[PDB]
Amino acid sequence: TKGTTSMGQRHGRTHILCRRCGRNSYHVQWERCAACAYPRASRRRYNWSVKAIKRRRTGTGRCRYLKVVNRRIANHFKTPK
Amino acid sequence: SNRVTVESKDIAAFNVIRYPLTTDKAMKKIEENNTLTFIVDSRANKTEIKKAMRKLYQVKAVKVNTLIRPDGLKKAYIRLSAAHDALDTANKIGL
Amino acid sequence: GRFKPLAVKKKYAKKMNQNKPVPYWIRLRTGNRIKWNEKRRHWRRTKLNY
Amino acid sequence: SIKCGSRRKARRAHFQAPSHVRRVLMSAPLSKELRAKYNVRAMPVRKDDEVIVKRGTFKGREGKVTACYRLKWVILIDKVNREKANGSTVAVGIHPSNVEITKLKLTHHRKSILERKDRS
Amino acid sequence: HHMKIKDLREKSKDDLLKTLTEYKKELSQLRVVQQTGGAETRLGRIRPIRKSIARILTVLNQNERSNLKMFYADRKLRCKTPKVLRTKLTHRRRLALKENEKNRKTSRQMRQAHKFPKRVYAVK
Amino acid sequence: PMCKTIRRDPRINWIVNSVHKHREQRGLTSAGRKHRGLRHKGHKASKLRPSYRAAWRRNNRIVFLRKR
RNA sequence: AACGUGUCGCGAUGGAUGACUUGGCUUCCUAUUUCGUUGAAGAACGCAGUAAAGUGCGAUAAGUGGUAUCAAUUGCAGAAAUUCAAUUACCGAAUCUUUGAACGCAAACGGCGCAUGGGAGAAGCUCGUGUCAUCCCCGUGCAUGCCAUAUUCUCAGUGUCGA
RNA sequence: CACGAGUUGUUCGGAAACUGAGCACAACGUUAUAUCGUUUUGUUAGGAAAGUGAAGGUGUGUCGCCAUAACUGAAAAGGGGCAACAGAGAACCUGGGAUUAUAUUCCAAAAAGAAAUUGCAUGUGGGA
RNA sequence: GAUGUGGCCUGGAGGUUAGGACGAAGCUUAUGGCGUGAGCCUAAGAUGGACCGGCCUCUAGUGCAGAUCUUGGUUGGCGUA
RNA sequence: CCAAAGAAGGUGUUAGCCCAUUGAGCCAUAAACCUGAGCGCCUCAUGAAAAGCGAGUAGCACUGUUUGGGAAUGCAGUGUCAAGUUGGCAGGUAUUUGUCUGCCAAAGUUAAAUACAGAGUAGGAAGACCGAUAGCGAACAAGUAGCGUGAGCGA
RNA sequence: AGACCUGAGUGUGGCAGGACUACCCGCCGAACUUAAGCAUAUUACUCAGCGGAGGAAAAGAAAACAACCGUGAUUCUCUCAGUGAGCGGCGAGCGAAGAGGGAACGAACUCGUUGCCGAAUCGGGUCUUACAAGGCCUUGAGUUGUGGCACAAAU
Ligand SMILES: [K+]
Ligand SMILES: [K+]
Ligand SMILES: [K+]
Ligand SMILES: [Mg+2]
Ligand SMILES: [Mg+2]
Ligand SMILES: [Mg+2]
Ligand SMILES: [Mg+2]
Ligand SMILES: [Mg+2]
Ligand SMILES: [Mg+2]
Ligand SMILES: [Mg+2]
Ligand SMILES: [Mg+2]
Ligand SMILES: [Mg+2]
Ligand SMILES: [Mg+2]
Ligand SMILES: [Mg+2]
Ligand SMILES: [Mg+2]
Ligand SMILES: [Mg+2]
Ligand SMILES: [Mg+2]
Ligand SMILES: [Mg+2]
Ligand SMILES: [Mg+2]
Ligand SMILES: [Mg+2]
Ligand SMILES: [Mg+2]
Ligand SMILES: [Mg+2]
Ligand SMILES: [Mg+2]
Ligand SMILES: [Mg+2]
Ligand SMILES: [Mg+2]
Ligand SMILES: [Mg+2]
Ligand SMILES: [Mg+2]
Ligand SMILES: [Mg+2]
Ligand SMILES: [Mg+2]
Ligand SMILES: [Mg+2]
Ligand SMILES: [Mg+2]
Ligand SMILES: [Mg+2]
Ligand SMILES: [Mg+2]
Ligand SMILES: [Mg+2]
Ligand SMILES: [Mg+2]
Ligand SMILES: [Mg+2]
Ligand SMILES: [Mg+2]
Ligand SMILES: [Mg+2]
Ligand SMILES: [Mg+2]
Ligand SMILES: [Mg+2]
Ligand SMILES: [Mg+2]
Ligand SMILES: [Mg+2]
Ligand SMILES: [Mg+2]
Ligand SMILES: [Mg+2]
Ligand SMILES: [Mg+2]
Ligand SMILES: [Mg+2]
Ligand SMILES: [Mg+2]
Ligand SMILES: [Mg+2]
Ligand SMILES: [Mg+2]
Ligand SMILES: [Mg+2]
Ligand SMILES: [Mg+2]
Ligand SMILES: [Mg+2]
Ligand SMILES: [Mg+2]
Ligand SMILES: [Mg+2]
Ligand SMILES: [Mg+2]
Ligand SMILES: [Mg+2]
Ligand SMILES: [Mg+2]
Ligand SMILES: [Mg+2]
């Protein structure tokens with residue numbers, strides 16, 4: 001019946017890891033991610049979940065180049081004479 | 001060319017082969033099978049491993065067997081030619 | 001089973017490498033707050049599902 | 001300029017100070033003879049300096065600085081020590097503001113610092 | 001061991017490559033020693049050798065980039081300059097109007113500017 | 001915007017500026033101004049200027065003067 | 001008697017309270033303050049003598065270069081004062097792995113190409129050299145669309161003419 | 001729980017490299033909005049998506065025609081891909097005293113050995 | 001249900017007076033005194049180890065016994081099923 | 001004993017004189033910025049001494065929507081659609097006439113006062129705010145551990 | 001033969017793509033709710049959705065107010081004004097604009113057209129230290145019109 005017995009009927013997996021966000025939200029059969037909409041060029045962003053936006057926005061990661069370019073802007077692109 | 005970095009041909013062998021292994025299985029293979037054991041680059045193949053062995057330790061590898069370990073490192077089982085002694089070159093390496 | 005893609009194998013390898021106790025000399029450092037790893041994972045408690 | 005109107009900001013600037021700011025904060029007064037001959041009131045302590053404890057239990061103890069830890073905000077002095085339970089000798093840390101510099105370890109850079117500092 | 005930055009800067013490219021090769025060989029030997037136990041005094045030499053390798057490669061790359069920026073300075077080459085050698089600035093700053101283009105005026109505007117210049121004046 | 005003739009011509013020089021990217025998407029063209037009601041001034045467009053949103057903010061934000 | 005009931009003194013369990021706050025929230029101000037195909041933001045792997053997380057960084061990997069400082073860092077170990085090797089701060093010079101708008105083609109593949117430069121080559125050829133077939137490695141270019149352009153490139157049309 | 005180890009391939013499974021139920025990049029159209037629709041009934045797109053090269057001419061080498069480089073082309077309708085670890089396809093199989101843990105994956109000159117298959121080359125033997 | 005109270009209590013702010021390493025707040029009580037009461041004060045800690053009291057005014061996230069209240073802890077049932 | 005410094009941080013108890021701080025001032029400097037539109041040289045520019053002006057547009061009609069806009073404030077679709085020789089638009093009750101006022105649509109660029117109602121960079125100033133069940137979910141290796149197939153949830 | 005027009009294919013030089021999105025601009029667009037029921041109305045031209053830029057955006061230089069003794073681009077502030085305006089099952093409720101005191105402001109310009117000219121234009125090479133607002137050369141674009149002079153702040 002439904003319940004415990006049917007829990008052992010659940011085989012396979014609907015989602016695997018996503019190449020773009022790595023969230024285990026990539027629908028294998030539809031070949032699209034439930035979290036970042038990959039392989040669509042733009043990502044999922046919805047104002048009904050501002051919490052998710054803050055979870056995914058700029059600054060939550062590394063900003064490898066953003067810090068460098070911010071420092072260069074703050075120093076007015078100083079270069080040697 | 002859009003790449004302006006200075007990349008030399010005398011260093012690739014040092015990157016291909018990282019360091020030998022000292023474990024009991026490696027020692028048994030040295031003693032019995034004329035085989036050296038190295039941790040190598042995970043993006044490397046057997047042909048470049050043969051070339052790196054030739055350029056680094058001046059020995060001929062008749063066979064190279066590789067595996068990627070459960071910890072992410074690629075191992076290399078490198079059997080030398082019968083004209084080269086694995087124990088001698090292992091002493092030369094410092095193993 | 002036997003099959004896994006290499007990317008998944010490397011993720012599993014990294015998770016295997018992270019599954020270590022804290023070194024003892026960490027606890028002796030000045031101003032240290034770390035006692036246990038507290039991110040230790042057991043294969044029978046929580047699933048990575050890669 | 002660590003001290004400011006906001007105590008939170010002043011304490012944060014003090015206890016998260018970098019190593020060189022910590023060096024400046026860990027200054028000790030010079031002796032009256034050194035004040036007379038250099039016209040400087042205080043200098044950051046340095047290894048191999050000769051200091052005398054003015055405040056604390058070890059007041060009057062005189063020795064040579066062996067370490068300026070700067071992470072524990074203390075300086076280690078050779079003559080200031082105690083035995084452990086094992087009986088082995090361990091160095092007792094002293095805040096530099098509790099000691100007084102009697103002899104300076106002089107280098108060309110420290111001479112330039114002294115010339116920057118002197119009030120004459 | 002340790003390589004002085006001035007000594008590296010005085011050396012030639014071939015000597016720089018040879019020094020890099022020898023330091024890489026030393027680092028490989030030290031990795032081997034790091035595997036088979038080895039004295040802590042030996043293992044203290046790994047970081048200096050890695051930093052010397054980094055110093056040699058920094059000198060090589062700075063010399064190469066300066067030479068290539070010199071080679072493409074001529075207007076015959078300057079249109080073919082590799083993107084990696086051109087100035088970065090910012091995407092918008094690269095695409096923005098330069099001051100020369102921004103300040104362009106019509107002949108009517110220039111004649112008006114000359115005919116009625118802005119004055120400096122005072123009132124008592 | 002990248003053509004030299006455009007960038008060096010004072011008449012059309014303005015459109016190279018970054019504030020005019022996709023100005024049709026923000027309704028800044030003549031047809032956009034038409035359907036925004038910017039064809040009229042004074043009493044025909046009091047609630048339309050500078051935009052409906054701007055006038056709505058003017059007329060609906062609650063003002064709290066410091067001393068009141 | 002015993003269970004049990006009180007009261008007091010002392011213990012235990014349990015972490016309230018009070019003090020202390022490198023945190024939060026709120027308000028205000030300054031300015032040569034606003035990312036990315038010259039590859040961003042996000043993802044992922046890795047890097048220390050010792051190193052799980054975190055931080056920092058990218059095979060030059062808890063950092064290279066330069067400028068200021070002026071003798072540390074610090075759990076242990078290792079090394080050991082005028083720029084030249086300390087350590088901190090800052091930044092002009094550099095590095096910057098796999099990806100990702102991701103863009104040669106794909107992808108639960110660390111896969112497979114086409115051109116063009118290289119590299120290594122124990123067969124063969126040539127006198128241990130040099131050269132080097134298959135195989136292998138690396139760099140660059142190669143999405144689509146659009147604009148301009150061709151010292152005036154190659155074309156198509158029972159379009160309009162002209163020879 | 002702690003420490004130290006262990007997974008070896010020309011032939012095994014996958015990919016390289018097949019099509020299927022199907023998917024949907026391009027293209028076109030639609031939509032205020034592409035994050036929509038069409039996209040195998042031989043098959044995209046009002047749609048010029050072939051960059052290949054039969055025979056010729058010219059030149060090189062090989063012989064007594066063949067191969068190689070160029071100019072003129074016969075022919076070829078219907079763009080690019082993915083989707084099967086049970087369909088298609090697929091050249092290795094025994095012995096071992098070869099492990100603590102891998103093996104149709106390790107074994108070295110008497111390979112314990114016996115093979116099968118690719119790619120490229122050198123001679124041999126025959127033809128151009 | 002209304003109202004009054006030189007009516008009590010709490011965290012901050014202007015003032016003003018004090019107190020504290022010869023022990024501050026917190027905490028404990030067969031620990032007494034005062035008040036009709038809200039409470040206030042003293043005493044003792046064989047408690048604590050650094051802040052803080054009174055009065056006038058200003059201010060508010062200002063008083064708990066219960067909301068099948070919230071969180072944390074404990075608990076008889078029970079050495080039982 | 002200082003004070004042109006009493007400034008509020010640190011140091012083993014409550015510190016103007018133990019330390020750091022709290023000034024005038026000194027040194028250095030890619031460009032950009034400011035200064036007889038700073039000051040020279042070459043080059044290059046440069047000053048004065050009759051006609052008609054925005055057409056599927058504006059209007060009208062119908063329908064929708066929006067507005068305080070009410071015989072219709074603005075806009076949209078479709079229909080059909082001008083005038084400029086006495087022109088056109090506006091003058092908040094529809095129509096037809098006159099007379100007056102303003103103004104000259106259907107092309108374009110423009111600083112500053114204004115916003116920042118869950119942004120960001122580099123710095124500052126703070127507060128009659130909260131004081132670890134409070135204040136941000138997060139004073140801690142917190143969007144972390146953990147949960148869900150997933151969107152998400154979340155100490 | 002060739003030319004023009006209309007379309008292709010390659011080389012060369014560029015740009016777009018995503019992120020952020022608190023404010024700002026365009027579209028799209030609810031319901032809970034209130035009306036003590038509820039359908040117009042309200043919430044609200046709001047939330048959610050789609051697209052776009054900046055350091056601010058948008059607006060801005062009268063086809064504007066007004067009816068004055070007149071004012072004079074835009075934006076914003078106080079007031080106008082919760083209004084003896086006005087819109088509303090004229091219910092619940094909505095609801096502005098002139099003027100006046102101010103902030104800011106060197107604030108003004110550019111096309112098209114009409115007259116007079118007519119390649120005087122623009123890209124490429126190349127030389128002046130120079131991808132010069134320069135000189136020479138170039139059918140290469142361009143006469144199916146680039147550019148110059150004048151138009152009320154003019155004469
Ligand atoms: K002062
Ligand atoms: K002190
Ligand atoms: K209409
Ligand atoms: Mg089932
Ligand atoms: Mg399924
Ligand atoms: Mg988006
Ligand atoms: Mg294998
Ligand atoms: Mg299985
Ligand atoms: Mg289970
Ligand atoms: Mg799995
Ligand atoms: Mg002083
Ligand atoms: Mg107004
Ligand atoms: Mg780590
Ligand atoms: Mg490198
Ligand atoms: Mg790709
Ligand atoms: Mg793509
Ligand atoms: Mg024809
Ligand atoms: Mg275990
Ligand atoms: Mg282990
Ligand atoms: Mg589609
Ligand atoms: Mg069909
Ligand atoms: Mg099919
Ligand atoms: Mg068709
Ligand atoms: Mg397939
Ligand atoms: Mg099969
Ligand atoms: Mg197989
Ligand atoms: Mg087994
Ligand atoms: Mg074998
Ligand atoms: Mg009562
Ligand atoms: Mg309070
Ligand atoms: Mg009692
Ligand atoms: Mg309350
Ligand atoms: Mg209570
Ligand atoms: Mg019990
Ligand atoms: Mg103090
Ligand atoms: Mg001047
Ligand atoms: Mg007009
Ligand atoms: Mg019309
Ligand atoms: Mg309405
Ligand atoms: Mg505008
Ligand atoms: Mg801001
Ligand atoms: Mg909390
Ligand atoms: Mg919480
Ligand atoms: Mg965008
Ligand atoms: Mg509500
Ligand atoms: Mg109702
Ligand atoms: Mg009701
Ligand atoms: Mg109802
Ligand atoms: Mg409304
Ligand atoms: Mg919205
Ligand atoms: Mg932006
Ligand atoms: Mg603007
Ligand atoms: Mg006005
Ligand atoms: Mg009034
Ligand atoms: Mg009134
Ligand atoms: Mg309304
Ligand atoms: Mg006014
Ligand atoms: Mg013209």
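In what follows, chains are A, B, ... by sequence order, proteins preceding strands, each numbered from 1. Computed over heavy atoms, backbone and side chain alike; hydrogens, waters and symmetry mates excluded.
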Is the backbone of E/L85 close enough, under 3.5 Å, to the side chain of E/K69 for a donor and an acceptor to pair up by distance? yes
Pairwise N/O distances under 3.5 Å, protein to nucleotides 144-150 of chain G:
none

For [N], the Watson-Crick or wobble counterpart (both distances under 3.5 Å):
{"N": "H/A54", "result": "none"}
{"N": "K/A63", "result": "none"}
{"N": "G/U149", "result": "K/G11"}

Pairwise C1' distance, J/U46 and J/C53 [rounded to whole Å]: 31 Å
Distance-only donor-acceptor test, [X] side-chain atoms vs [N] base atoms, 3.5 Å:
{"X": "B/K25", "N": "H/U7", "result": "no"}
{"X": "F/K41", "N": "K/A63", "result": "no"}
{"X": "A/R64", "N": "G/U97", "result": "yes"}

Would you tabulate the pairs of protein nitrogen or oxygen atoms and nucleotide nitrogen or oxygen atoms of nucleotides 91-93 of chain G closer than 3.5 angstrom?
residue: G/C91; atom: OP1; partner: A/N75; partner atom: OD1; Å: 3.4
residue: G/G92; atom: OP2; partner: A/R72; partner atom: NH1; Å: 2.3
residue: G/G92; atom: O5'; partner: A/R72; partner atom: NH1; Å: 3.2
residue: G/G92; atom: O4'; partner: A/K78; partner atom: O; Å: 2.9
residue: G/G92; atom: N2; partner: A/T79; partner atom: O; Å: 2.7
residue: G/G92; atom: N3; partner: A/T79; partner atom: O; Å: 3.3
residue: G/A93; atom: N3; partner: E/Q62; partner atom: NE2; Å: 2.9

Distance test, side-chain N/O of E/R108 to OP1/OP2 of K/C151, below 4.0 Å: yes
Taking J/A58, G/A79, K/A57 as options, the one with an atom nearest any side-chain atom of F/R26 is K/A57
How would you summarise protein contacts on nucleotides 19-28 of chain G per nucleotide, using B for base, S for sugar-phosphate only and - for none, with heavy-atom distances below 4.0 Å? --SBBB----
Can the positive tip of E/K24 be found less than 6.0 Å from the middle of the six-membered ring of B/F14, inside 45° of the ring normal? no
